[PDB]
Amino acid sequence: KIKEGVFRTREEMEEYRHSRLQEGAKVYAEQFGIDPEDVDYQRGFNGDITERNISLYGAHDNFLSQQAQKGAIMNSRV
Amino acid sequence: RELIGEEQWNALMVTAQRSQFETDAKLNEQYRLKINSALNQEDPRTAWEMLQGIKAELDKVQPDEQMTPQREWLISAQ
């Protein structure tokens with residue numbers, strides 16, 4: 001959803017990321033039987049959250065930059 | 001009109017006006033025959049009101065002021 005272009009801001013990506021993290025940590029667990037609050041589950045699920053977050057923030061700020069260019073052109077015409 | 005450029009919008013409206021004369025050949029036939037049977041009237045003053053008639057039934061299919069090729073038929077006819 002980031003590199004397709006759904007989130008126009010950073011706050012919307014932040015909220016979407018957070019909420020889908022919670023709902024996935026629940027749904028995938030209950031699909032696999034594992035307790036969602038399990039300590040080992042949350043050892044590989046939340047493993048390396050900062051690297052994942054950094055990759056997402058980078059691949060979203062690329063989009064923010066290109067969107068700002070597009071909008072600046074379409075705004076210097078109006 | 002400003003998403004698509006000014007030049008590209010001009011091209012677009014030209015195409016949108018002249019496409020309804022090569023998507024149906026009944027319109028092309030009809031207008032060309034009225035034009036030509038208007039260049040063959042004996043009285044040149046009674047060809048001009050026929051030509052204003054044609055220029056009046058072009059404004060019902062092409063409502064923008066670009067230079068479509070049918071507005072070239074009428075110019076060569078006049």
# chains A, B, ... in the order shown; residues from 1 in each chain; ligands from 1

$ residues_around --residues "segment 12-26 of chain B" --least-positions-apart "2" --cutoff "8 Å" --atoms "only C-alpha atoms" --output "list in words"
residues 8, 9, 10, 28, 29, 30, 61, 62, 63, 64, 66, 67, 68, 69 and 70 of chain B

$ residues_around --residues "segment 20-29 of chain A" --least-positions-apart "5" --cutoff "12 Å" --atoms "only C-alpha atoms" --output "MDAnalysis selection string"
chainID A and resid 1 12:15 34:38 40:46 49 52:53

$ select_by_dssp --residues "chain A" --states "alpha helix (DSSP H)" --output "PDB file with N, CA and C atoms, in the first residue's frame"
ATOM      1  N   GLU A  11       1.258  10.542   8.828  1.00  0.00           N
ATOM      2  CA  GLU A  11       0.413  10.123   9.936  1.00  0.00           C
ATOM      3  C   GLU A  11      -0.518   8.997   9.526  1.00  0.00           C
ATOM      4  N   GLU A  12      -1.005   9.017   8.289  1.00  0.00           N
ATOM      5  CA  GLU A  12      -1.906   7.957   7.861  1.00  0.00           C
ATOM      6  C   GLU A  12      -1.166   6.639   7.709  1.00  0.00           C
ATOM      7  N   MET A  13       0.056   6.670   7.180  1.00  0.00           N
ATOM      8  CA  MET A  13       0.858   5.452   7.156  1.00  0.00           C
ATOM      9  C   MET A  13       1.174   4.975   8.565  1.00  0.00           C
ATOM     10  N   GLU A  14       1.471   5.900   9.484  1.00  0.00           N
ATOM     11  CA  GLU A  14       1.774   5.508  10.858  1.00  0.00           C
ATOM     12  C   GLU A  14       0.586   4.805  11.497  1.00  0.00           C
ATOM     13  N   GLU A  15      -0.597   5.411  11.401  1.00  0.00           N
ATOM     14  CA  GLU A  15      -1.780   4.800  11.993  1.00  0.00           C
ATOM     15  C   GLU A  15      -2.110   3.478  11.328  1.00  0.00           C
ATOM     16  N   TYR A  16      -2.042   3.425   9.996  1.00  0.00           N
ATOM     17  CA  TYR A  16      -2.342   2.183   9.301  1.00  0.00           C
ATOM     18  C   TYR A  16      -1.380   1.086   9.724  1.00  0.00           C
ATOM     19  N   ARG A  17      -0.091   1.408   9.786  1.00  0.00           N
ATOM     20  CA  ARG A  17       0.904   0.437  10.209  1.00  0.00           C
ATOM     21  C   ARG A  17       0.601  -0.080  11.601  1.00  0.00           C
ATOM     22  N   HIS A  18       0.364   0.825  12.547  1.00  0.00           N
ATOM     23  CA  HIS A  18       0.148   0.410  13.928  1.00  0.00           C
ATOM     24  C   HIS A  18      -1.068  -0.499  14.048  1.00  0.00           C
ATOM     25  N   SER A  19      -2.199  -0.061  13.496  1.00  0.00           N
ATOM     26  CA  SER A  19      -3.416  -0.842  13.639  1.00  0.00           C
ATOM     27  C   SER A  19      -3.280  -2.187  12.960  1.00  0.00           C
ATOM     28  N   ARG A  20      -2.678  -2.226  11.773  1.00  0.00           N
ATOM     29  CA  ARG A  20      -2.559  -3.515  11.111  1.00  0.00           C
ATOM     30  C   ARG A  20      -1.549  -4.404  11.816  1.00  0.00           C
ATOM     31  N   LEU A  21      -0.568  -3.824  12.506  1.00  0.00           N
ATOM     32  CA  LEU A  21       0.323  -4.634  13.326  1.00  0.00           C
ATOM     33  C   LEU A  21      -0.461  -5.351  14.408  1.00  0.00           C
ATOM     34  N   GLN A  22      -1.306  -4.619  15.132  1.00  0.00           N
ATOM     35  CA  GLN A  22      -2.091  -5.266  16.183  1.00  0.00           C
ATOM     36  C   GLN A  22      -3.035  -6.321  15.612  1.00  0.00           C
ATOM     37  N   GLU A  23      -3.811  -5.957  14.594  1.00  0.00           N
ATOM     38  CA  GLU A  23      -4.791  -6.906  14.081  1.00  0.00           C
ATOM     39  C   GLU A  23      -4.132  -8.120  13.438  1.00  0.00           C
ATOM     40  N   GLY A  24      -2.942  -7.972  12.863  1.00  0.00           N
ATOM     41  CA  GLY A  24      -2.266  -9.131  12.313  1.00  0.00           C
ATOM     42  C   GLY A  24      -1.674 -10.013  13.393  1.00  0.00           C
ATOM     43  N   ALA A  25      -1.014  -9.400  14.384  1.00  0.00           N
ATOM     44  CA  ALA A  25      -0.496 -10.159  15.514  1.00  0.00           C
ATOM     45  C   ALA A  25      -1.589 -10.955  16.193  1.00  0.00           C
ATOM     46  N   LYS A  26      -2.839 -10.516  16.074  1.00  0.00           N
ATOM     47  CA  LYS A  26      -3.927 -11.333  16.600  1.00  0.00           C
ATOM     48  C   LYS A  26      -4.398 -12.378  15.594  1.00  0.00           C
ATOM     49  N   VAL A  27      -4.660 -11.961  14.353  1.00  0.00           N
ATOM     50  CA  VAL A  27      -5.348 -12.821  13.394  1.00  0.00           C
ATOM     51  C   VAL A  27      -4.471 -13.998  12.997  1.00  0.00           C
ATOM     52  N   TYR A  28      -3.202 -13.742  12.709  1.00  0.00           N
ATOM     53  CA  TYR A  28      -2.339 -14.828  12.279  1.00  0.00           C
ATOM     54  C   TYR A  28      -2.124 -15.828  13.400  1.00  0.00           C
ATOM     55  N   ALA A  29      -2.021 -15.341  14.632  1.00  0.00           N
ATOM     56  CA  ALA A  29      -1.935 -16.246  15.766  1.00  0.00           C
ATOM     57  C   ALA A  29      -3.163 -17.137  15.839  1.00  0.00           C
ATOM     58  N   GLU A  30      -4.350 -16.537  15.925  1.00  0.00           N
ATOM     59  CA  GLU A  30      -5.556 -17.347  16.053  1.00  0.00           C
ATOM     60  C   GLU A  30      -5.780 -18.244  14.846  1.00  0.00           C
ATOM     61  N   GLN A  31      -5.159 -17.945  13.708  1.00  0.00           N
ATOM     62  CA  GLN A  31      -5.213 -18.878  12.588  1.00  0.00           C
ATOM     63  C   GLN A  31      -4.262 -20.047  12.795  1.00  0.00           C
ATOM     64  N   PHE A  32      -3.108 -19.797  13.410  1.00  0.00           N
ATOM     65  CA  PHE A  32      -2.104 -20.829  13.628  1.00  0.00           C
ATOM     66  C   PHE A  32      -2.240 -21.533  14.973  1.00  0.00           C
ATOM     67  N   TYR A  41       5.991 -16.207  20.444  1.00  0.00           N
ATOM     68  CA  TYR A  41       5.362 -15.640  19.256  1.00  0.00           C
ATOM     69  C   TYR A  41       5.794 -14.203  19.058  1.00  0.00           C
ATOM     70  N   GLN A  42       5.690 -13.407  20.106  1.00  0.00           N
ATOM     71  CA  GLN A  42       6.108 -12.022  20.085  1.00  0.00           C
ATOM     72  C   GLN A  42       7.617 -11.864  20.138  1.00  0.00           C
ATOM     73  N   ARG A  43       8.371 -12.945  19.949  1.00  0.00           N
ATOM     74  CA  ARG A  43       9.815 -12.852  19.786  1.00  0.00           C
ATOM     75  C   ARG A  43      10.225 -12.849  18.323  1.00  0.00           C
ATOM     76  N   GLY A  44       9.488 -13.553  17.475  1.00  0.00           N
ATOM     77  CA  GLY A  44       9.761 -13.550  16.056  1.00  0.00           C
ATOM     78  C   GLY A  44       8.810 -12.671  15.273  1.00  0.00           C
ATOM     79  N   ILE A  49      11.787  -4.747  14.809  1.00  0.00           N
ATOM     80  CA  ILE A  49      10.722  -3.831  14.438  1.00  0.00           C
ATOM     81  C   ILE A  49      11.297  -2.524  13.929  1.00  0.00           C
ATOM     82  N   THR A  50      12.482  -2.136  14.398  1.00  0.00           N
ATOM     83  CA  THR A  50      13.032  -0.850  13.992  1.00  0.00           C
ATOM     84  C   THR A  50      13.568  -0.905  12.573  1.00  0.00           C
ATOM     85  N   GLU A  51      14.172  -2.020  12.178  1.00  0.00           N
ATOM     86  CA  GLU A  51      14.612  -2.145  10.792  1.00  0.00           C
ATOM     87  C   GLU A  51      13.429  -2.195   9.832  1.00  0.00           C
ATOM     88  N   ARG A  52      12.372  -2.922  10.195  1.00  0.00           N
ATOM     89  CA  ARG A  52      11.170  -2.934   9.372  1.00  0.00           C
ATOM     90  C   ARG A  52      10.583  -1.537   9.257  1.00  0.00           C
ATOM     91  N   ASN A  53      10.485  -0.836  10.383  1.00  0.00           N
ATOM     92  CA  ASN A  53       9.931   0.510  10.370  1.00  0.00           C
ATOM     93  C   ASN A  53      10.787   1.454   9.542  1.00  0.00           C
ATOM     94  N   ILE A  54      12.105   1.295   9.592  1.00  0.00           N
ATOM     95  CA  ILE A  54      12.971   2.174   8.821  1.00  0.00           C
ATOM     96  C   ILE A  54      12.819   1.903   7.335  1.00  0.00           C
ATOM     97  N   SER A  55      12.747   0.633   6.949  1.00  0.00           N
ATOM     98  CA  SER A  55      12.531   0.326   5.544  1.00  0.00           C
ATOM     99  C   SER A  55      11.216   0.912   5.054  1.00  0.00           C
ATOM    100  N   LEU A  56      10.157   0.784   5.856  1.00  0.00           N
ATOM    101  CA  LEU A  56       8.865   1.334   5.461  1.00  0.00           C
ATOM    102  C   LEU A  56       8.912   2.851   5.364  1.00  0.00           C
ATOM    103  N   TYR A  57       9.521   3.512   6.345  1.00  0.00           N
ATOM    104  CA  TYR A  57       9.596   4.964   6.311  1.00  0.00           C
ATOM    105  C   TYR A  57      10.376   5.449   5.102  1.00  0.00           C
ATOM    106  N   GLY A  58      11.426   4.729   4.714  1.00  0.00           N
ATOM    107  CA  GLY A  58      12.183   5.146   3.546  1.00  0.00           C
ATOM    108  C   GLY A  58      11.396   4.966   2.264  1.00  0.00           C
ATOM    109  N   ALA A  59      10.801   3.785   2.093  1.00  0.00           N
ATOM    110  CA  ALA A  59      10.017   3.516   0.898  1.00  0.00           C
ATOM    111  C   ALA A  59       8.709   4.275   0.876  1.00  0.00           C
ATOM    112  N   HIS A  60       8.379   4.990   1.942  1.00  0.00           N
ATOM    113  CA  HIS A  60       7.273   5.931   1.912  1.00  0.00           C
ATOM    114  C   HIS A  60       7.706   7.369   1.714  1.00  0.00           C
ATOM    115  N   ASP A  61       8.887   7.748   2.187  1.00  0.00           N
ATOM    116  CA  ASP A  61       9.313   9.120   1.970  1.00  0.00           C
ATOM    117  C   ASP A  61       9.772   9.334   0.540  1.00  0.00           C
ATOM    118  N   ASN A  62      10.232   8.280  -0.138  1.00  0.00           N
ATOM    119  CA  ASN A  62      10.387   8.383  -1.590  1.00  0.00           C
ATOM    120  C   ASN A  62       9.081   8.816  -2.239  1.00  0.00           C
ATOM    121  N   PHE A  63       7.991   8.170  -1.845  1.00  0.00           N
ATOM    122  CA  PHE A  63       6.688   8.501  -2.391  1.00  0.00           C
ATOM    123  C   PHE A  63       6.283   9.917  -2.022  1.00  0.00           C
ATOM    124  N   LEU A  64       6.543  10.328  -0.783  1.00  0.00           N
ATOM    125  CA  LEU A  64       6.200  11.689  -0.387  1.00  0.00           C
ATOM    126  C   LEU A  64       6.953  12.714  -1.218  1.00  0.00           C
ATOM    127  N   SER A  65       8.228  12.461  -1.500  1.00  0.00           N
ATOM    128  CA  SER A  65       9.000  13.402  -2.301  1.00  0.00           C
ATOM    129  C   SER A  65       8.450  13.505  -3.720  1.00  0.00           C
ATOM    130  N   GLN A  66       8.185  12.362  -4.358  1.00  0.00           N
ATOM    131  CA  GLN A  66       7.669  12.432  -5.724  1.00  0.00           C
ATOM    132  C   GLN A  66       6.274  13.050  -5.768  1.00  0.00           C
ATOM    133  N   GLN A  67       5.454  12.799  -4.749  1.00  0.00           N
ATOM    134  CA  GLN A  67       4.137  13.413  -4.684  1.00  0.00           C
ATOM    135  C   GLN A  67       4.246  14.915  -4.498  1.00  0.00           C
ATOM    136  N   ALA A  68       5.227  15.366  -3.724  1.00  0.00           N
ATOM    137  CA  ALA A  68       5.417  16.800  -3.560  1.00  0.00           C
ATOM    138  C   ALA A  68       5.849  17.449  -4.866  1.00  0.00           C
ATOM    139  N   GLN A  69       6.698  16.773  -5.643  1.00  0.00           N
ATOM    140  CA  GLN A  69       7.066  17.307  -6.954  1.00  0.00           C
ATOM    141  C   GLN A  69       5.847  17.432  -7.861  1.00  0.00           C
ATOM    142  N   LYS A  70       5.080  16.348  -7.990  1.00  0.00           N
ATOM    143  CA  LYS A  70       3.885  16.373  -8.828  1.00  0.00           C
ATOM    144  C   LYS A  70       2.944  17.490  -8.407  1.00  0.00           C
ATOM    145  N   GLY A  71       2.688  17.598  -7.107  1.00  0.00           N
ATOM    146  CA  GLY A  71       1.777  18.615  -6.622  1.00  0.00           C
ATOM    147  C   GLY A  71       2.311  20.017  -6.815  1.00  0.00           C
ATOM    148  N   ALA A  72       3.626  20.190  -6.722  1.00  0.00           N
ATOM    149  CA  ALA A  72       4.197  21.513  -6.922  1.00  0.00           C
ATOM    150  C   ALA A  72       4.071  21.951  -8.370  1.00  0.00           C
ATOM    151  N   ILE A  73       4.261  21.027  -9.312  1.00  0.00           N
ATOM    152  CA  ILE A  73       3.996  21.359 -10.712  1.00  0.00           C
ATOM    153  C   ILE A  73       2.531  21.719 -10.901  1.00  0.00           C
ATOM    154  N   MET A  74       1.626  20.794 -10.570  1.00  0.00           N
ATOM    155  CA  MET A  74       0.206  21.067 -10.774  1.00  0.00           C
ATOM    156  C   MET A  74      -0.281  22.266  -9.977  1.00  0.00           C
ATOM    157  N   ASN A  75       0.511  22.769  -9.035  1.00  0.00           N
ATOM    158  CA  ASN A  75       0.134  23.965  -8.301  1.00  0.00           C
ATOM    159  C   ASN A  75       0.743  25.221  -8.886  1.00  0.00           C
ATOM    160  N   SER A  76       1.877  25.114  -9.566  1.00  0.00           N
ATOM    161  CA  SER A  76       2.431  26.289 -10.220  1.00  0.00           C
ATOM    162  C   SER A  76       1.754  26.590 -11.540  1.00  0.00           C
ATOM    163  N   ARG A  77       0.840  25.737 -11.977  1.00  0.00           N
ATOM    164  CA  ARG A  77       0.009  26.039 -13.126  1.00  0.00           C
ATOM    165  C   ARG A  77      -1.268  26.764 -12.725  1.00  0.00           C
TER     166      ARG A  77
END

$ closest_atom_pairs --of "chain B" --to "chain A" --cutoff "12 Å" --atoms "only C-alpha atoms" --output "Markdown table"
| residue | atom | partner | partner_atom | distance |
| --- | --- | --- | --- | --- |
| B:1 | CA | A:78 | CA | 10.7 |
| B:2 | CA | A:77 | CA | 7.6 |
| B:3 | CA | A:74 | CA | 7.1 |
| B:4 | CA | A:74 | CA | 9.9 |
| B:5 | CA | A:77 | CA | 9.4 |
| B:6 | CA | A:77 | CA | 10.3 |

$ write_last_selection --atoms "N, CA, C and O atoms" --output "short mmCIF file (atom, residue, chain, number, x, y, z; two decimals), in the first residue's frame"
data_model
loop_
_atom_site.label_atom_id
_atom_site.label_comp_id
_atom_site.auth_asym_id
_atom_site.auth_seq_id
_atom_site.Cartn_x
_atom_site.Cartn_y
_atom_site.Cartn_z
N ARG B 1 -9.23 20.72 -17.27
CA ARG B 1 -8.52 21.33 -18.39
C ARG B 1 -7.07 21.63 -18.04
O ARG B 1 -6.31 22.04 -18.91
N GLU B 2 -6.69 21.43 -16.78
CA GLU B 2 -5.37 21.78 -16.31
C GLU B 2 -4.58 20.61 -15.75
O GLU B 2 -3.36 20.72 -15.62
N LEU B 3 -5.24 19.50 -15.40
CA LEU B 3 -4.53 18.24 -15.29
C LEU B 3 -3.82 17.94 -16.59
O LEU B 3 -2.58 17.99 -16.67
N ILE B 4 -4.59 17.64 -17.62
CA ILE B 4 -4.06 17.59 -18.97
C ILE B 4 -3.69 19.01 -19.36
O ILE B 4 -4.40 19.97 -19.01
N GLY B 5 -2.57 19.17 -20.04
CA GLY B 5 -2.10 20.50 -20.37
C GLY B 5 -3.08 21.26 -21.23
O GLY B 5 -4.09 20.73 -21.71
N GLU B 6 -2.79 22.55 -21.43
CA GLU B 6 -3.58 23.33 -22.37
C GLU B 6 -3.48 22.76 -23.78
O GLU B 6 -4.49 22.54 -24.45
#

$ atom_distance --atom1 "atom CA of residue 27 of chain B" --atom2 "atom CA of residue 76 of chain B"
18.4 Å

$ atom_distance --atom1 "atom CA of residue 43 of chain B" --atom2 "atom CA of residue 60 of chain B"
27.1 Å

$ residues_around --residues "residue 77 of chain B" --least-positions-apart "2" --cutoff "7 Å" --atoms "only C-alpha atoms" --output "ChimeraX atom specification"
/B:35,39,73-75

$ atom_distance --atom1 "atom CA of residue 51 of chain B" --atom2 "atom CA of residue 72 of chain B"
12.5 Å
